[PDB]
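Listed next as structure tokens is one chain, alone, in the form deposited in one PDB entry.
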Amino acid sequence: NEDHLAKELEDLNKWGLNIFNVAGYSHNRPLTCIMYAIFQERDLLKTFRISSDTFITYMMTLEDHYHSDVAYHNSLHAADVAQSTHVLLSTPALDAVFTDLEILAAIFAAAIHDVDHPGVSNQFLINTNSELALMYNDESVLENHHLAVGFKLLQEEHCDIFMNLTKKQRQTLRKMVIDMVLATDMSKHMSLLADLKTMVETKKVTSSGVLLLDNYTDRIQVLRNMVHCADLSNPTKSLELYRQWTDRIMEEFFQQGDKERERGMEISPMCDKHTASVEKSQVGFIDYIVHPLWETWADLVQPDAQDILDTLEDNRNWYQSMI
């Protein structure tokens, strides 16, 4: 078991680590497991002077604030998105571009980015006049909530993993984490992608092939898109993995739709189990959102995302063939 887990973790730095297996061999604590592994691997506990006690206490509490009864937005998704962010941060075209603080912020953002998710969409919370929707004026409702919960937990006993950052580092990491978690709001996707496209149209590259990211706005725009890419990375994974993720998301979609029906609401796109095509939905989603995003990302970091994009396109065609 320890041996099995260690074996899965050989793939820690690789796209398509099998996080499902990690969850199995870590007694269903994939977020705590993978975060500890990532922080050990990048030396973040040492660099930011975080004790293992404090770190594991925060991560255990964080993971406990993901809902195990929600089919997709649970701690396995968080873990997967944290591990994918960790891989993307090490893309060659981005070597030496980001600071230790930016790396910390990205992985932390990815870890907390869906904490306390109820398993329904922002539109559902809005259309049902949720307390959260009211709190945040219908604006990035769940994403504002994830941030509020992920940060509040840092104030629990033995949980402040940022205690030994400098004041300015703490302030800057909070802003960057906010930015990256808000970037997982699908409402911001088109503007994120437009900015990424600009990034690409005007990219500055060294002789070695590494991207030149002068100002802070350039860096955070890449980091936002990076976390958004990691959040939408399921279709770019090996088909056996992606299919597992699809099963989960449709289960979650069908539950929301059942809630909408029982409340006499109009059922949301892809949430009516009696009429939904899982395959058609995935293809549409890849065509309209995921592929344009990842193709632009691939352009930014060319050729580093060649296999990812090839996998995306192959999975797209496979699902389309299953319609």
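Residue numbers here begin at 1 and follow the sequence given. Rigid core here is just the name for the largest C-alpha set that superposes within 1.5 Å across the two forms.
> Quick check: 199-207 versus 162-170, which has the larger average CA B-factor in the record?
The recorded data point to 199-207.
> Comparing average C-alpha B factors as deposited, tell me which of 210-218 and 179-187 sits higher.
The deposited B-factors put 210-218 ahead on the C-alpha mean.
> Determine which member of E63, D69, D287, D43 has the highest CA B-factor, using the values in the deposited entry.
In this record, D69 carries the highest C-alpha B-factor of the candidates.
> Which of these has the highest Cα B-factor in the record: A37, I56, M265, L293?
Max CA B-factor in the entry, restricted to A37, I56, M265, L293: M265.
> Which third, lowest, middle or highest, does the CA B-factor of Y242 fall in along this chain?
Middle third, going by the recorded CA B-factors of the chain.
> Should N315 be placed in the lowest, middle or highest third of its chain by the C-alpha B factor in the entry?
It belongs to the lowest third of the chain when residues are ordered by C-alpha B-factor.
> For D231, return the chain-relative third of its C-alpha B-factor as stated in the PDB record: lowest, middle or highest.
Its C-alpha B-factor belongs to the lowest third of this chain's values.
> Please place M135 in the lowest, middle or highest third of its chain according to the CA B-factor in the PDB entry.
Highest third of the chain for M135's C-alpha B-factor.
> What third of its chain, lowest, middle or highest, does the C-alpha temperature factor of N13 fall into?
Lowest third of the chain for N13's C-alpha B-factor.
Although it is not shown, the form deposited in another entry is what the next lines describe.
> Core aligned, which of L45, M265, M60, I289 has the Cα that shifts 2 angstroms or more between this form and the one not shown?
Result of the comparison: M265.
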